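Some notes on the structure that comes next.
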Amino acid sequence: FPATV
Amino acid sequence: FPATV
Amino acid sequence: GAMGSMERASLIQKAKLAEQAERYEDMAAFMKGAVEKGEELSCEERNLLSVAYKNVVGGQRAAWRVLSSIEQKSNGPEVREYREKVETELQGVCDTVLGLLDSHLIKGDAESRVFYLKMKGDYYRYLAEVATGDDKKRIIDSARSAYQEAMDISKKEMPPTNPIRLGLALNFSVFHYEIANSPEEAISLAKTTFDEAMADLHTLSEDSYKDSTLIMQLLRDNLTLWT
Amino acid sequence: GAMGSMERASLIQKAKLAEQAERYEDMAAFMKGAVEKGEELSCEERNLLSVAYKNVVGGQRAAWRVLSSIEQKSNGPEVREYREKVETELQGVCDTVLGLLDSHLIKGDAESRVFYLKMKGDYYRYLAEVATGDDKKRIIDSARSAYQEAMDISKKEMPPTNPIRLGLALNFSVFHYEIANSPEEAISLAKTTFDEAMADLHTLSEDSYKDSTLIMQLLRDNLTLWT
Ligand SMILES: O=C(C1=C(O)C(=O)N(c2ccccc2O)[C@@H]1c1ccc([N+](=O)[O-])cc1)c1ccccc1
Ligand SMILES: O=C(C1=C(O)C(=O)N(c2ccccc2O)[C@@H]1c1ccc([N+](=O)[O-])cc1)c1ccccc1
Ligand SMILES: [Mg+2]
Ligand SMILES: [Mg+2]
């Protein structure tokens, strides 16, 4: 999965 | 802490 | 409610205790009671709220994806049933936060308004991850609008290295790729966001540069996996 | 009860799903409903029960020790209050298991009887870790008796390399050191247990030797930290 914050 | 299982 | 007999200050204290103890369900619960005292949250309080609920919902999403993947390779009702049980809990937590945002928090300072609108888009995103049918893209529109309004405010009122602005755009980019079926705009905005932070790197702040450089690395990481 | 309309087999299936998803609260809940169908548990089912509740209670103990240590360095009522809240939840989970053991499980095969009696001593040990006063050593006696009865059965009916026998003795040794204020018997039994496993190492089993060699290493690790 791509990164989120 | 000592080990338990 | 559950925490209405407790002083707001004690609720903040115990949210922090629960974070040290990794009791994120308790942490969210104390922070919700604090929000419900009706006063706004400081920057530090805003972040205690986001952390708590992100851990709670993050563990629910991790479980949903496990079961959902098991449910795909399996194609007895037990896996559907249990997936659906976790799904319904995840939806309940998102609704809780979204109701806290619309009922108490959104309403203020610009960093404040961006922060909450990015949360609204984020938890609308997590609902979209499990939704279907007419309910679904009703959710996608809700997420997009929250993100879009937050992007406009941050471009106008925040410098391009601000960690909320950067983090907002990282997540809106991911929304485009993973939710809105548009890898194009996802990549564009991720690269625009990074390039513009570097163009004005002199705007990094003593108080937050560690955060900005980290999000900037995450923006590059997503471009690397999308190219 | 909560799970009484569900087939026992489906409950076992979903306990395993919950383990893959790291939903140990759900796992314990499905296993409790399975126990409550009134049939005995296989070796594999026994281990699903222990795993579930060990993770649940293990996280509660980790949180209790954090707060308790904060509560010591601090010597506002908020830390006591919150420590006490987690303490009361930990006690509730122990009572749940101990009631499951006395009401349904203990009752059988020798490996079976040892297994449950070691759990009774273990969860009596965790109550002892947070108890005080007259309630306290009432708990310590309960733990010791459960452990002692399990030691006698395992010496008589199990080989010295059996992983339940070894694991039982590792934990009884820890009970002596950390609970009963007797480092002497703790060290003695740990060394006796290891030495006797090595004396008859030919008794290791195709199905379980990996487990035995691991517990034997843990016995040495505890002697190393106690010498
Ligand atoms: O742990 C992190 C943070 C905090 O502890 C904190 O106070 N921050 C903060 C910094 C400057 C202005 C306002 C702020 O709130 C951080 C933060 C940054 C972005 C986002 N975002 O959601 O976009 C949320 C919080 C953190 C989380 C992710 C990557 C780097 C750092
Ligand atoms: O994961 C572990 C185990 C299982 O998955 C499993 O089936 N075991 C098992 C092996 C032989 C006979 C009966 C059994 O139940 C393991 C087990 C061994 C001891 C204890 N104990 O509490 O003493 C509990 C479970 C495991 C846990 C701790 C150290 C090594 C291995
Ligand atoms: Mg932080
Ligand atoms: Mg195991």
Side-chain angles (χ1 to χ4, degrees), chain B residues 2-5, chain D residues 31 35 40-54 57-58 94 97-98 100-128 139-180 182-223 226:
Chain B
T4 49
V5 297
Chain D
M31 285 314 304
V35 160
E40 65 191 5
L41 302 183
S42 57
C43 183
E44 172 190 43
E45 283 157 358
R46 294 200 287 277
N47 279 271
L48 288 171
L49 177 77
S50 48
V51 164
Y53 275 112
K54 183 72 211 291
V57 80
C94 290
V97 176
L98 289 169
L100 231 54
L101 295 166
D102 298 315
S103 80
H104 283 99
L105 291 164
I106 278 183
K107 281 159 186 28
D109 184 18
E111 308 90 78
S112 148
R113 298 143 60 215
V114 168
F115 188 92
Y116 294 132
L117 280 164
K118 168 189 178 294
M119 299 178 59
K120 175 171 202 167
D122 278 346
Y123 282 82
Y124 269 128
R125 179 161 54 92
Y126 308 147
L127 288 170
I139 297 164
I140 303 184
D141 293 333
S142 286
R144 196 192 323 267
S145 137
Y147 280 142
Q148 202 56 75
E149 189 186 344
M151 288 291 299
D152 302 331
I153 295 166
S154 86
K155 152 193 63 48
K156 201 174 153 238
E157 312 233 25
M158 266 165 276
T161 61
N162 179 280
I164 293 166
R165 179 175 173 178
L166 287 170
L168 166 58
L170 182 87
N171 288 16
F172 196 29
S173 158
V174 164
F175 167 82
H176 283 306
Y177 195 106
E178 281 296 313
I179 321 292
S182 196
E184 273 48 81
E185 321 187 321
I187 296 196
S188 201
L189 164 83
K191 184 222 209 321
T192 293
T193 299
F194 181 97
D195 289 347
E196 294 194 345
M198 300 233 79
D200 290 320
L201 201 70
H202 62 276
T203 57
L204 281 159
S205 170
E206 272 189 60
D207 319 319
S208 64
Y209 73 101
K210 280 181 246 186
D211 291 340
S212 307
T213 57
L214 176 61
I215 303 174
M216 295 195 290
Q217 186 61 51
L218 291 178
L219 281 156
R220 168 51 37 70
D221 298 333
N222 282 1
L223 297 166
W226 292 338

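To find a chain, count down the sequence lines: A is the first, B the second, and so on, and within it residues start at 1. For the numbers below, each heavy atom of this structure counts, side chains included, while hydrogens, waters and symmetry mates do not.
No hydrogens or angles considered: a donor-acceptor pair under 3.5 Å links the side chains of D/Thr161 and D/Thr203.
Around NZ of D/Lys210, the count of heavy atoms belonging to other residues, nucleotides or ligands within 6.0 Å does not exceed 12.
Using a 4.5 Å heavy-atom threshold, the side chains of D/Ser154 and D/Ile164 count as separate. Residues D/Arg125 and B/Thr4 have side chains in contact (heavy-atom distance under 4.5 Å, counting atoms from C-beta outward). The shortest side-chain heavy-atom distance between D/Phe194 and D/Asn222 does not fall under the 4.5 Å cut-off. Using a 4.5 Å cut-off on side-chain heavy atoms (C-beta onward), D/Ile140 and D/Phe175 make contact. Looking at heavy atoms from C-beta onward, D/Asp221 lies in side-chain contact with D/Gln217 at the 4.5 angstrom threshold. The closest side-chain heavy-atom distance from D/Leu117 to D/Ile153 is below 4.5 Å.
Ring pair D/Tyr123/D/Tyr126 is perpendicular by interplanar angle, where above 60° counts as perpendicular and below 30° as parallel. Ring planes of D/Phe172 and D/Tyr147: tilted class, angle from 30 to 60°.
Between D/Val114 and the choices D/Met158, D/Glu149, D/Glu157, D/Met151, the side-chain contact (heavy atoms from CB on, under 4.5 Å) rule is met once, by D/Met158.
Taking each heavy atom of D/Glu40 and D/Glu45 in turn, the nearest pair found is O-OE1, 4.0 Å. The two residues D/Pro160 and D/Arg165 come nearest to each other via the heavy atoms N-NH1, 3.2 Å.
Under the rule for a ring-ring contact (aromatic ring centres under 6.0 Å, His included), D/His104 has no partner lying at least two apart in sequence or in another chain.
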